[PDB]
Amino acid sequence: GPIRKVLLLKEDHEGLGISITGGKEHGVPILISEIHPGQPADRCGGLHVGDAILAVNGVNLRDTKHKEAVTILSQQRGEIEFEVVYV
């Protein structure tokens, strides 16, 4: 599908509300495998299970190992811009 830009809003007491799988060391994109109901990704409306996370706040995640992606994603705060695509 088309590449989309998605805005997520989160407070500092919460996580993103997603589960991710994959990573460069597995030859697979960083994929959203779960969206936890009521948490920031669900509330933002624009992220879905099966989306590939291509970038977050301008940081490219297309060539990123799993734990690299976890550190990068968990460091973002507040108003967070995602670049995603559903394949």
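Start at 1 with the first residue shown and count on from there.
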Item to complete: May I ask you to compare 21 to 29 and 67 to 75 by their mean CA B factor in the entry and name the higher one?
Response: 21 to 29
Worksheet item: When the modelled residues of the chain are sorted by Cα temperature factor, does residue 57 land in the lowest, middle or highest third?
Response: middle
Worksheet item: If you rank the chain by CA B-factor, which third does residue 87 end up in: lowest, middle or highest?
Response: highest
Response to the item:
Chain-relative C-alpha B factor for residue 46 (record values, thirds): the middle
